[PDB]
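Written out below as structure tokens is the structure these notes cover.
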Number of protein chains: 2
Amino acid sequence: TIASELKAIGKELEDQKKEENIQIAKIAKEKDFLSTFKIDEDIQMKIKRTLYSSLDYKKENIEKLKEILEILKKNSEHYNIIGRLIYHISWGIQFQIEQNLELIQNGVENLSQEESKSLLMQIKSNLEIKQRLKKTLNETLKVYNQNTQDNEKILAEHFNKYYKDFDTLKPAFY
Amino acid sequence: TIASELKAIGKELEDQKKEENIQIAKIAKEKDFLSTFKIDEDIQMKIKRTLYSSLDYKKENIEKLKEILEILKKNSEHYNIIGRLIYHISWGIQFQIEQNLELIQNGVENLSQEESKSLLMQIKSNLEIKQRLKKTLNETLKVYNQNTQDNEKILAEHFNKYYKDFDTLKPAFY
């Protein structure tokens with residue numbers, strides 16, 4: 001037993017789901033860009049579910065993510081990687097979680113050492129994966145922010161170099 | 001004489017002005033962001049005049065420039081440099097040009113070796129400066145575009161590194 005742990009875990013998951021739903025609703029109420037993307041309702045609910053938890057539903061971060069996605073889209077070849085992120089990674093984990101959860105509202109009592117334990121392990125793994133994804137997302141965000149900073153910095157530098165005074169512009173013949 | 005050259009130059013300038021006006025009108029008709037900035041009508045007409053000629057009135061380039069300006073704005077300290085670009089460089093040249101032009105619709109005939117010649121020289125200098133500015137603008141645009149490219153590239157790289165498959169995300173404990 002295990003079982004004590006398991007029940008608690010299940011409870012936590014349910015709580016999260018409740019809160020997840022609430023957060024989704026809130027997001028929707030503020031205009032929530034997974035309202036569409038490259039189209040199915042519940043195949044996007046999960047994806048939405050997961051992405052917002054990964055970002056602590058933090059509107060700014062979500063916006064940034066959306067922007068990044070848009071940027072990515074504007075090249076054809078990248079499609080694959082983007083799909084993998086969204087559909088393979090992001091949906092799949094959610095699906096797994098849901099499956100696990102169902103087993104818990106099948107009652108934990110009926111399970112056993114060969115299959116309760118296994119289930120628990122699976123759940124733990126899923127949780128770990130989720131955490132990892134969150135971390136990755138954060139990293140990505142950082143990178144994006146850095147880039148944004150960098151561009152600005154470069155522009156400023158350029159301005160300093162050139163746009164002081166007439167006699168500091170490019171020379172007319174090169 | 002000189003004077004033959006001068007008259008031609010004047011004519012050219014007038015033509016440009018005509019065409020400049022036309023281009024401005026066209027820009028306005030497409031939504032022309034120097035309709036406002038950090039407010040006076042004719043102190044912006046010139047600035048508008050000059051900037052659009054520098055960009056061959058090319059809408060895309062104009063848009064890019066506007067974006068760059070916006071980016072710059074979002075830091076307080078830069079104000080000075082931006083002002084220098086706009087008000088010191090961009091207006092000033094236009095003003096100079098206008099002044100020169102007036103002297104030509106004062107008739108070239110009344111002028112002389114000490115002051116016709118000087119005027120001509122000044123005009124030439126102004127033209128050179130304009131050309132230089134254009135070049136500088138182009139350079140800036142390039143830089144901006146490069147940055148934009150770069151960011152995207154970096155993002156793609158990051159995605160490749162991470163968002164393949166579950167087991168390629170950040171590790172959960174670092």
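Chain labels A, B, ... are given in the sequence in which chains occur in the structure tokens; within each chain residues are numbered consecutively from 1, and ligands are likewise numbered from 1 in the order shown.
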
Q | Non-local contacts of segment 74-82 of chain A (10 Å; only C-alpha atoms; under 2 positions in same chain excluded) as a count of residues only | A | 19

Q: From a DSSP pass on the backbone, collect the residues of segment 48-85 of chain A flagged as helix (DSSP H, G or I) and hand them back as a PyMOL selection string.
A: chain A and resi 48-54+59-73+79-85

Q | Spatial neighbours of residue 145 of chain A, 12 Å, only C-alpha atoms, chain gap at least 4 places, as a PyMOL selection string | A | (chain A and resi 60-61+64-65+67-68+138-141+149-152) or (chain B and resi 151+154-155)

List the spatial neighbours of residue 120 of chain B as a short mmCIF file (atom, residue, chain, number, x, y, z; two decimals) with N, CA and C atoms, in the first residue's frame - criterion: any atom at most 7 Å away, only C-alpha atoms, same-chain residues fewer than 4 positions off excluded.
```
data_model
loop_
_atom_site.label_atom_id
_atom_site.label_comp_id
_atom_site.auth_asym_id
_atom_site.auth_seq_id
_atom_site.Cartn_x
_atom_site.Cartn_y
_atom_site.Cartn_z
N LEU B 6 22.64 74.40 -62.72
CA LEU B 6 21.88 74.84 -61.55
C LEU B 6 20.42 74.79 -61.84
N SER B 116 26.61 82.16 -56.35
CA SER B 116 25.96 81.11 -57.17
C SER B 116 26.70 79.80 -56.94
N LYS B 124 24.93 70.39 -53.76
CA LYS B 124 25.62 69.14 -54.05
C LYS B 124 25.86 68.36 -52.76
#
```

(Q) When you count only C-alpha atoms, which of these residues is closest to residue 3 of chain A: A:136, A:130, A:117, A:34? (A) A:117

Q) Any idea what's packed within 10 Å of residue 113 of chain A, counting only C-alpha atoms, ignoring anything in its chain fewer than 4 positions away? Could you give it as a ChimeraX atom specification? A) /A:1-2,117-119

Residues just named, written with N, CA and C atoms as an mmCIF file, in the first residue's frame:
```
data_model
loop_
_atom_site.group_PDB
_atom_site.id
_atom_site.type_symbol
_atom_site.label_atom_id
_atom_site.label_comp_id
_atom_site.auth_asym_id
_atom_site.auth_seq_id
_atom_site.Cartn_x
_atom_site.Cartn_y
_atom_site.Cartn_z
ATOM 1 N N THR A 1 0.769 -1.316 0.000
ATOM 2 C CA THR A 1 0.000 0.000 0.000
ATOM 3 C C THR A 1 0.830 1.419 0.000
ATOM 4 N N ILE A 2 1.081 2.412 -0.895
ATOM 5 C CA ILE A 2 0.834 2.569 -2.248
ATOM 6 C C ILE A 2 -0.543 3.214 -2.425
ATOM 7 N N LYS A 117 0.835 -1.058 -8.789
ATOM 8 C CA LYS A 117 2.204 -0.553 -8.679
ATOM 9 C C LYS A 117 2.652 0.039 -10.010
ATOM 10 N N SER A 118 2.392 -0.743 -11.057
ATOM 11 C CA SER A 118 2.761 -0.364 -12.429
ATOM 12 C C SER A 118 2.091 0.949 -12.801
ATOM 13 N N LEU A 119 0.800 1.024 -12.480
ATOM 14 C CA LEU A 119 -0.016 2.213 -12.754
ATOM 15 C C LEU A 119 0.590 3.434 -12.087
#
```

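The shortest atom-to-atom distance to chain A, with only C-alpha atoms taken into account, belongs to B:93 out of B:93, B:123, B:24, B:104.
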
Q: Please identify all polymer residues within 6 Å of residue 91 of chain B, counting only C-alpha atoms, omitting same-chain residues fewer than 3 positions from it, and present them as a count of residues only.
A: 4

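Counting from atom CA of residue 15 of chain B, the distance to atom CA of residue 115 of chain B is 24.2 Å.
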
(Q) Taking 2 positions as the minimum chain separation for residues in the same chain, which residues sit within 12 Å of residue 25 of chain A when counting only C-alpha atoms? Answer as a PyMOL selection string. (A) chain A and resi 18-23+27-32+35+45+48-49+52+57

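Shortest separation to chain A among B:90, B:105, B:54, B:110 occurs at residue B:90, atoms counted being only C-alpha atoms.
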
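Using only C-alpha atoms, the nearest neighbour of residue 121 of chain B within the list B:42, B:144, B:100, B:109 is B:100.
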
Q. In Å, how far is it from atom CA of residue 102 of chain B to atom CA of residue 131 of chain B?
A. 21.1 Å

Q: Calculate how many Å separate atom CA of residue 7 of chain A from atom CA of residue 108 of chain A, rounding to one decimal.
A: 7.1 Å
